[PDB]
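Participant: Let me give you the structure first, and then I'll get to my questions.
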Amino acid sequence: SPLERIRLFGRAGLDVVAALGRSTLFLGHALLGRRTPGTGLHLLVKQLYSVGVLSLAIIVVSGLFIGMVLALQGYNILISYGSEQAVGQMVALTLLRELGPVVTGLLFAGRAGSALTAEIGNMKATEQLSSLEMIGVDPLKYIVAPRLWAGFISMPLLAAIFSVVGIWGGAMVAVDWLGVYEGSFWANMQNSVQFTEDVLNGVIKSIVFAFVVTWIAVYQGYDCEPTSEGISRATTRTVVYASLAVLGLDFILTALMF
Amino acid sequence: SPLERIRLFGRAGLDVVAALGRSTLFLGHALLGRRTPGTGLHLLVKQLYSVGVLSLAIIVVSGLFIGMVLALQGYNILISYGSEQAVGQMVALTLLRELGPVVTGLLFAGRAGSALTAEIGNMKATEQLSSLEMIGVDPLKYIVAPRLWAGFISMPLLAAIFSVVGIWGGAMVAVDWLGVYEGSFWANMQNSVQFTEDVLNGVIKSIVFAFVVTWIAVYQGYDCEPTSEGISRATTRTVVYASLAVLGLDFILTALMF
Amino acid sequence: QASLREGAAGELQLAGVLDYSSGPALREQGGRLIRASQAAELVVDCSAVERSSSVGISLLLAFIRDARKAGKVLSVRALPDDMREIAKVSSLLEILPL
Amino acid sequence: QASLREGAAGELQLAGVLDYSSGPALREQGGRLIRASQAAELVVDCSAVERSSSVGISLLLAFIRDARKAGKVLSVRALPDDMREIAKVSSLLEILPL
Amino acid sequence: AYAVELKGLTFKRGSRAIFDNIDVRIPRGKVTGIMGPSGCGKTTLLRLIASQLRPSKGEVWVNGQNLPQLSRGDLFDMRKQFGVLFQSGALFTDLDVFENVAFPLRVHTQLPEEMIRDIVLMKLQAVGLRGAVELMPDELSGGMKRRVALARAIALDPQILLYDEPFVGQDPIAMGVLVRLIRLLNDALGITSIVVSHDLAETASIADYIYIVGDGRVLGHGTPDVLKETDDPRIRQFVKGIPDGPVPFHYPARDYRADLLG
Amino acid sequence: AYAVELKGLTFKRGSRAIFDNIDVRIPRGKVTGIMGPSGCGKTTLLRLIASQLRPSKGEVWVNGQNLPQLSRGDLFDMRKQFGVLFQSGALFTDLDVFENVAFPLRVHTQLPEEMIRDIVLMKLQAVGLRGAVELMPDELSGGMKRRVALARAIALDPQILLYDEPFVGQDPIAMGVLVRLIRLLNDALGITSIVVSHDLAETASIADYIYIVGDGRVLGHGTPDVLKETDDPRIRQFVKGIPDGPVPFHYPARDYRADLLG
Ligand SMILES: CCCCCCCCCCCCCCCC(=O)OC[C@H](COP(=O)(O)O)OC(=O)CCCCCCCCCCCCCCC
Ligand SMILES: CCCCCCCCCCCCCCCC(=O)OC[C@H](COP(=O)(O)O)OC(=O)CCCCCCCCCCCCCCC
Ligand SMILES: CCCCCCCCCCCCCCCC(=O)OC[C@H](COP(=O)(O)O)OC(=O)CCCCCCCCCCCCCCC
Ligand SMILES: CCCCCCCCCCCCCCCC(=O)OC[C@H](COP(=O)(O)O)OC(=O)CCCCCCCCCCCCCCC
Ligand SMILES: CCCCCCCCCCCCCCCC(=O)OC[C@H](COP(=O)(O)O)OC(=O)CCCCCCCCCCCCCCC
Ligand SMILES: CCCCCCCCCCCCCCCC(=O)OC[C@H](COP(=O)(O)O)OC(=O)CCCCCCCCCCCCCCC
Ligand SMILES: Nc1ncnc2c1ncn2[C@@H]1O[C@H](COP(=O)(O)OP(=O)(O)NP(=O)(O)O)[C@@H](O)[C@H]1O
Ligand SMILES: Nc1ncnc2c1ncn2[C@@H]1O[C@H](COP(=O)(O)OP(=O)(O)NP(=O)(O)O)[C@@H](O)[C@H]1O
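Residue numbers (PDB author numbering), protein chains in the order written: chain G, 5 to 262; chain H, 5 to 262; chain L, 3 to 100; chain K, 3 to 100; chain I, 6 to 267; chain J, 6 to 267.
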């Protein structure tokens, strides 16, 4: 029925409505609820390991490849303009103000934005997440608070590591394989950086959709209905949305500052 | 034990070894095994819907955002060079030869590279994938062959749609919000395209790691051990690898052709 | 396999083995090839039936849709044993008039 | 709660309620605060025990590790009823010498 | 006199009215096993009487006070009274077996890290999983993966404890050891235990005052005997095989004649 | 004389030696129920005697010929003989109930799309899920989600059929209707049925010649009676509660004295 079809559409409207409402409530309860008995900092260490460190080889190799691609594209894009040696101010400006954090999102939100949702989803599905209450610990502070903290304090560091490896790979292909001159590269690069105005720009950009990624990437895991199909669908909702939001907030955050 | 630690490391070596070996065998059996009784083409239609169409809104919105970001970055990157009106030959060359298909991979491999693995994973886990044999149909031709075909014939179309919407959004922000002149944009764009040499380049680039994405994105789903934790880990392995391979083959495919 | 015969005057004879193989041919050669020509009062009697599965049940069933659609009335005689049981399971208690 | 007393001459008196609350204090005030000073042959007897859970079981247990580490030998007397059962479950059949 | 009583309790999940003005009254010291049809809301009743789920209205008297009307600082202290054993164990995949069993102690009590080890050890011996004090539950075979959970429950020596479908889907050796333990804990430790199992046979075997929960209303209750011949059509259909009765066998079809004919 | 026999069968999953030179011989017309301890390899035996899993060496005589030595064009034709009912239904989430049940017909037979509908309808009536001929299994309550699978199995009228843990984890009403159907199919349709259930009680209740599979070797077999007093320690430990016996209760710990003391 078309009228009831639109009824279902509107029900989905109110559904995402109440969804992110409940999400912000969840986030509040998690970051500022109380202090639980069985918490600490070792939790944060274990998480930060599972979320950042394990997801580090991926972004290292990905930074390598995307950097040398950025080079092999800039060299050939610009040799048609003579200003070949200026490739440094490209491979280090695009890889540092916009593409750096965007790809770092789409990868972090790819792996650690998912195997983080499936983790606390599975937890909810084997009731493990529930027996915590019957014990007495608040899960939203023992199970998910270290997730959020491993998010906020990993993805920015990951973006930095990615940008570094990207620039270095771009140089290594440009210097050794393209043949452009050694010192000229870093020279034009440092002459065209504007630290507080591009580097810090990219870092605040990284942090904001670090927060946004590992916010949904954990909420979805907390909300998914407990069944092996439910989790299998939540760990896809949290890639759809974690990429949508990465790019959307990249766009807004770059309209705030060109 | 360190010696046994290296033993485990080497066991993982042989493991990924035999893994992708078995993967290529699987792919062969799937695409060229036999012709099954209960197959057809309606299967391909249903799949192609579930894989392409549902994953179309994501890449539409993502193309929009990434295009207007590419613009808002090019305008400001290049106004410092005077050649402002040349933004068209940027927002339409980067979004069409390298970044277009790469982001289309990281998104398709994000959503339809996962909710495709979880699907045929869940199938294997509720034994649904197994009763097909006890009936007699070969699953590798009824369950996964339409997956592969919905992969190969969707991701390239998706890359094209993405590049189109990206260029159009870049124009819409450049024309209406940046104020650069209407005809000049498309003019410098078409004067600097080299169809058979950039457009077709981007399309073959899209196709190759369409094949590569929806190859692992279905193999992993076929191999994952049947348990709600197994699938929850496979649908992360098939984002790690589906992004690794996207970028790696992008790099190789752009070293084949600058 | 099995077969069909003896039309236009009731007394629909049914042969031995009604399986998934011999199914459709008998359906089509009976439903229109015979039930278009009948007079009335179709006695379908399963005398010389060897062995039949639910496919035969659904066959004598389709034998009834057309006859009802053909206006004329029909009934079954000499219902075999295995058929009797396959009807016993999925009730078909009276829907098989004898 | 409960308490500890009567050291240096065996006859370790134990008071009423040994719970998770009154646990650690009794452990520390017995293990070193008392077992460093004892002569030998430590008779720990649970006469005036009101009510105790497994925490008390593990307490009289720790009462044995130190004594064994302190060389001197010890034993229990007048084992209460609930303790008797909490030992009965997790065997502790002979590991509680009486 | 009673360990747990549920006065005027009702619950609605999205106004679905899961529970509807119910009254259950558990006797202490006696293993009572509640159960009911599919989707009848048992586990909901568990998380209720364990105060994980906030009731809509009513009160849950538990060894004295009622829970939904307690202060967090006091509710947490009450948590020391009741243990819960889910099916599928519900172990923390992060921590090994030993730390997993110790967890409730490391939460509600401040003991010398040796003494915690001794309590954990004696409990694990009581349940038998004393050897695997190092395994991670990922490494642990699905059977004992439940007995370790039971040991974690009986830690702190709670006076009552809940069982969410304990004997469901395991070889009768594991089912046998588990049904021996859940009864040993009650015969010895004198702790109220609330089995919650779809399995009628073993439940009615061991239980003392079984209930039957259906569509938001207790569908009667009794000791196994009175329940075996209640003659209430709903119940007597449940507690026996008798597939056709108040709960229909067939789905609400239209007609076995018309639909197949027209 | 026998429906299915397994001569000299052995199987190894990664050289683990799942099955090890076994000999099982199923009589036709009689519901036999095989079972065994946890991880004992039953479902493996299913997929073997249903020819989804290629045996290492041995032969599986099935109503005549043996399968692993048949041509694909003939193996497919043999597939028409044996049906399989998994637990959790194993329905195709893609297709609705009706198409789901029709699937085997739409595969092995070319029938007028009406006639397929009539066979599907009579089967669904036989199992009772005749009404929900439109629901998608996603919409279907987990109980009937199995009876529809059973109807799909009995489609084509296979002469033997397998049951992978049928009566495991459902309210005794659904378990009752299912145990009535799995027996009605055998008493009427005279089709060999192979229950495979950890649940000892109902299995031994309905079964005729039960087996016991353990660590790659059949641990004996018999009708329920002889099996109830075999006095073989392993078996008599299995078929009764008796938790402590050949299968140990405790884990291989070191010492209940030293470890807790030293
Ligand atoms: C009058 C107020 C009362 C209610 C108003 C709520 C409407 C606002 C929310 C819109 C979301 C509707 C989508 C529902 C469709 C659906 O099927 O749902 C689509 C999905 C969920 O679909 P499923 O539940 O079927 O999986 O939801 C989403 O896509 C959520 C992302 C939407 C964006 C959220 C933030 C909005 C950003 C700002 C808007 C940009 C517009 C630009 C204007 C300048
Ligand atoms: C001629 C030289 C060309 C050599 C080609 C090899 C390059 C391709 C290597 C593949 C990348 C591996 C990452 C896969 C993700 C993963 O492992 O996934 C991450 C896993 C996850 O571990 P878990 O098992 O605990 O989940 O971590 C690992 O165990 C892997 C550790 C090392 C893997 C290699 C990564 C660093 C080495 C990269 C080499 C780059 C060379 C630099 C060029 C100058
Ligand atoms: C993924 C692919 C990467 C993109 C590469 C494709 C081709 C490059 C872009 C086309 C523009 C160059 C044509 C003009 C010729 C010219 O005179 O260009 C060369 C001129 C010559 O002046 P100089 O000698 O002083 O450098 O210099 C410049 O234009 C400065 C810009 C260099 C690039 C620096 C990085 C800013 C670019 C945007 C960053 C983020 C965008 C990337 C993702 C959206
Ligand atoms: C050209 C104009 C562009 C238009 C701009 C509009 C889009 C803006 C960006 C889109 C955001 C993506 C929406 C994803 C949410 C969703 O899909 O909503 C859907 C999901 C849940 O929906 P379901 O559970 O029903 O599927 O939402 C969530 O998971 C809950 C949290 C949503 C995250 C919101 C992020 C807000 C960003 C705040 C940044 C400020 C913080 C900085 C502090 C330091
Ligand atoms: C101003 C009010 C508008 C608010 C935003 C409207 C949200 C409407 C979302 C519906 C979109 C299609 C959903 C189809 C459902 C489906 O099949 O697919 C739904 C998909 C996922 O499919 P599933 O149902 O299988 O989960 O969900 C989505 O991802 C939808 C993403 C919506 C994102 C909206 C962001 C706003 C766009 C910003 C553009 C800025 C331009 C402005 C320039 C001036
Ligand atoms: C015109 C040219 C034609 C090109 C032909 C395309 C060939 C594509 C072959 C790619 C293989 C895909 C793997 C399939 C998925 C799978 O099953 O593979 C899955 C297995 C893992 O199995 P398990 O994790 O389950 O054990 O292996 C992998 O994870 C593969 C990882 C893919 C990484 C790609 C990296 C390539 C780039 C390397 C370059 C090094 C650069 C160094 C220079 C300094
Ligand atoms: N969070 C929830 N949101 C919506 N529905 C729920 C939720 N939790 C439970 N339900 C439904 O409400 C009922 C409660 O589930 P459950 O506790 O398993 O029922 P039960 O009768 O106690 N045990 P069972 O018969 O196995 O379902 C079921 O019908 C669930 O589908
Ligand atoms: N593909 C596989 N790869 C590796 N191990 C497997 C595989 N399939 C099964 N196994 C293992 O081999 C055994 C076979 O599983 P299963 O068929 O369930 O055993 P079963 O004795 O027949 N039934 P159950 O006791 O419930 O496990 C189990 O121990 C599994 O862990």
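We treat Cβ as the ideally placed atom computed from N, Cα and C, and that holds for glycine.
1) Express the C-alpha separation of K:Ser23 and K:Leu61 in angstroms, rounding to a whole number.
2) When you measure from the CB of L:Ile36 to every non-hydrogen atom of ligand 6, does any distance come out below 7 Å?
3) At the level of alpha carbons, what is the spacing between residue 263 of chain G and G:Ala75?
4) I need the boundaries of the alpha helix (DSSP H) containing L:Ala89, first residue and last residue.
5) When you check each C-beta in the stretch 50-65 of chain H against every C-beta of chain J, which residues fall closer than 8 Å?
6) Please list the residues of the stretch 100-124 of chain I that have a C-beta atom closer than 9 Å to any C-beta atom in chain G, keeping them in chain order.
7) Out of curiosity, what's the CA-to-CA distance linking J:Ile27 and J:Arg59?
8) What do you reckon, are the CB atoms on G:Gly92 and G:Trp190 nearer than 8 Å?
9) Could you tell me which residues DSSP pairs with I:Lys12 in its beta bridges?
10) Return no unless some Cβ of chain K is closer than 8 Å to the Cβ of I:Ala212.
11) Need the endpoints of the alpha helix (DSSP H) that J:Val184 sits in, please.
12) I:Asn26 lies in the alpha helix (DSSP H); which residues open and close that run?
13) Taking the alpha-carbon of G:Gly25 as reference, which of G:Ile256, G:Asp227 and G:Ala175 has the nearest alpha-carbon?
14) Given this structure, state the Cα-to-Cα distance separating H:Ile211 from H:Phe156, to the nearest angstrom.
15) If you run the structure through DSSP and keep just helix, strand and coil, what is G:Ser210?
16) What is the DSSP secondary structure of G:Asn195, reduced to helix, strand or coil?
17) Considering J:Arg222, what are the terminal residues of the alpha helix (DSSP H) in which it resides?
18) Going by the CB atoms, is the gap between H:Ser66 and G:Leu257 shorter than 8 Å?
19) Measuring only between beta-carbons, confirm whether L:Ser93 sits less than 8 Å from chain I.
20) When every heavy atom of ligand 3 is checked, does at least one fall within less than 7 Å of the C-beta of H:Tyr146?
21) Cβ of J:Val89 less than 8 Å from any chain H Cβ?
22) In the DSSP output, which residue or residues are listed as bridge partners for J:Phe87?
23) Which stretch, first to last residue, makes up the beta strand (DSSP E) that contains H:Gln132?
24) Would the stretch 36-50 of chain I count as touching the stretch 192-210 of chain I if we require 3 or more Cβ pairs under 8 Å?
25) Runs of 4 residues minimum, wholly inside the stretch 97-157 of chain H: which ones carry the alpha helix (DSSP H) assignment?
26) Residue ranges of each alpha helix (DSSP H) run of no fewer than 4 residues wholly in the stretch 56-96 of chain G, ordered along the chain?
27) Measuring straight from C-alpha to C-alpha, what distance separates G:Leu48 and G:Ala23?
28) State yes or no: is the C-beta of J:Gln115 within less than 8 Å of the C-beta of J:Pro163?
29) Under 8 Å Cβ-Cβ, which residues of chain L neighbour I:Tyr261?
30) Taking only the alpha-carbon atoms, compute the straight-line gap between I:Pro32 and J:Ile217 and give it to the nearest angstrom.
31) Tell me whether residue 265 of chain H sits in a helix, a strand or coil according to DSSP, three-state version.
32) What residues of chain L sit near J:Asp162, judged by a beta carbon separation below 7 Å?
33) Going along chain J, which residues have a C-beta under 7 Å from H:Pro230?
34) Would G:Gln89 pass as an interface residue toward chain H - the criterion being a Cβ-Cβ separation below 8 Å?
35) Using a C-beta to C-beta distance shorter than 7 Å, which residues of chain J count as neighbours of H:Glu233?
36) Closer than 8 Å, CB to CB, is J:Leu266 near chain K or not?
Facilitator: The structure says:
1) Along the fourth sequence, read from residue 1 onward, the residue named residue 61 of chain K stands at position 59. Along the fourth sequence, read from residue 1 onward, the residue named residue 23 of chain K stands at position 21. Approximately 12 Å between the Cα atoms of the pair.
2) Here residue 36 of chain L refers to the residue found at position 34 when the third sequence is read from its first residue. No, since every heavy atom of ligand 6 falls outside the 7 Å radius drawn around the Cβ of L:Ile36.
3) An answer regarding residue 263 of chain G cannot be provided, because it is not within the stretch 5 to 262 covered by chain G.
4) One-based indexing of the third sequence puts residue 89 of chain L at position 87. Here the alpha helix (DSSP H) through L:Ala89 covers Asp83 to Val91.
5) Cβ contacts with chain J come from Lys50.
6) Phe108, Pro109, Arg111, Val112 and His113
7) Taking the first residue of the sixth sequence as 1, we reach residue 27 of chain J at position 22. Taking the first residue of the sixth sequence as 1, we reach residue 59 of chain J at position 54. Distance between the alpha carbons of J:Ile27 and J:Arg59: 15 Å.
8) Your numbering for residue 92 of chain G matches position 88 in the first sequence. Your numbering for residue 190 of chain G matches position 186 in the first sequence. A contact, by the Cβ cut-off of 8 Å.
9) Your numbering for residue 12 of chain I matches position 7 in the fifth sequence. Within the DSSP secondary-structure output, I:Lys12 pairs in a beta bridge with I:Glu64.
10) Working through the fifth sequence from its first residue, we reach residue 212 of chain I at position 207. Judged by the 8 Å Cβ criterion, I:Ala212 is not in contact with chain K.
11) Taking the sixth sequence and counting its residues from 1, one reaches residue 184 of chain J at position 179. It spans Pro177 to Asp192 - the alpha helix (DSSP H) in which J:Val184 sits, taken as one unbroken run.
12) Here the question's residue 26 of chain I lines up with position 21 in the fifth sequence. It is not in any alpha helix (DSSP H) - I:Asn26 instead sits in the beta strand (DSSP E) that spans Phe24 to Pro32.
13) Reading the first sequence from its first residue, position 21 is the one you call residue 25 of chain G. Measuring C-alpha to C-alpha distances from G:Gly25 to each of G:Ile256, G:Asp227 and G:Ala175 identifies G:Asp227 as the nearest.
14) Within the second sequence, numbered from 1, the residue matching residue 211 of chain H stands at position 207. Within the second sequence, numbered from 1, the residue matching residue 156 of chain H stands at position 152. Going from the Cα of H:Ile211 to the Cα of H:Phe156 covers about 7 Å.
15) To locate residue 210 of chain G, count along the first sequence from 1; it is residue 206. If DSSP states are grouped into helix, strand and coil, G:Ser210 belongs with the helices.
16) Translated into positions along the first sequence, residue 195 of chain G becomes position 191. Looking at G:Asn195 - three-state DSSP - the assignment turns out to be coil, as it is neither helix nor strand.
17) By one-based count along the sixth sequence, residue 222 of chain J stands at place 217. It is not in any alpha helix (DSSP H) - J:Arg222 instead sits in the beta strand (DSSP E) that spans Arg222 to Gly227.
18) As a position in the first sequence, residue 257 of chain G is number 253, starting the count at 1. As a position in the second sequence, residue 66 of chain H is number 62, starting the count at 1. Cβ atoms of G:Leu257 and H:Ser66: not closer than 8 Å.
19) Translated into positions along the third sequence, residue 93 of chain L becomes position 91. L:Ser93 counts as touching chain I.
20) As a working mapping, residue 146 of chain H is identified with position 142 in the second sequence. For ligand 3, not one heavy atom lies less than 7 Å from the Cβ of H:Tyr146.
21) Taking the first residue of the sixth sequence as 1, we reach residue 89 of chain J at position 84. Yes, J:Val89 lies at the interface with chain H (some Cβ there is under 8 Å from its Cβ).
22) Position 82 of the sixth sequence, counted from the first residue, corresponds to residue 87 of chain J. In the DSSP output, where bridge partners are listed per residue, J:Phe87 has J:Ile165.
23) Numbered from its first residue, the second sequence carries residue 132 of chain H at position 128. First-last for H:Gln132: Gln132 to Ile139, but that is the alpha helix (DSSP H), not the beta strand (DSSP E).
24) yes
25) 98-101, 103-112, 121-129, 132-139, 143-146 and 149-156
26) 60-82 and 91-95
27) For this step, residue 48 of chain G is matched to residue 44 along the first sequence. For this step, residue 23 of chain G is matched to residue 19 along the first sequence. Cα to Cα, the separation comes out at about 27 Å.
28) The sequence position of residue 115 of chain J within the sixth sequence is 110, counting from 1. The sequence position of residue 163 of chain J within the sixth sequence is 158, counting from 1. No, these two residues do not count as a Cβ contact at 8 Å.
29) By one-based count along the fifth sequence, residue 261 of chain I stands at place 256. Neighbours of I:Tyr261 on chain L, chain order: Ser93 and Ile97.
30) Position 27 of the fifth sequence, counted from the start, is the residue given in the question as residue 32 of chain I. Position 212 of the sixth sequence, counted from the start, is the residue given in the question as residue 217 of chain J. Cα to Cα, the separation comes out at about 41 Å.
31) The displayed coordinates of chain H run from 5 to 262. Any statement about residue 265 of chain H would go beyond what the structure contains.
32) Against the sixth sequence, residue 162 of chain J aligns to sequence position 157. Within 7 Å Cβ-Cβ: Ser55 and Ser56.
33) By 1-based counting over the second sequence, the position of residue 230 of chain H is 226. Per Cβ cutoff of 7 Å: no residues; H:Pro230 is ~11 Å from chain J at best.
34) Counted from its first residue, the first sequence places residue 89 of chain G at position 85. False, the Cβ-Cβ gap to chain H never drops below 8 Å.
35) Sequence index remark: in the second sequence, residue 233 of chain H carries index 229 (1-based). Within 7 Å Cβ-Cβ: nothing; H:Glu233 doesn't reach chain J, min ~17 Å.
36) To locate residue 266 of chain J, count along the sixth sequence from 1; it is residue 261. For J:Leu266, the nearest CB of chain K lies under 8 Å from its own CB, placing it at the interface with that chain.
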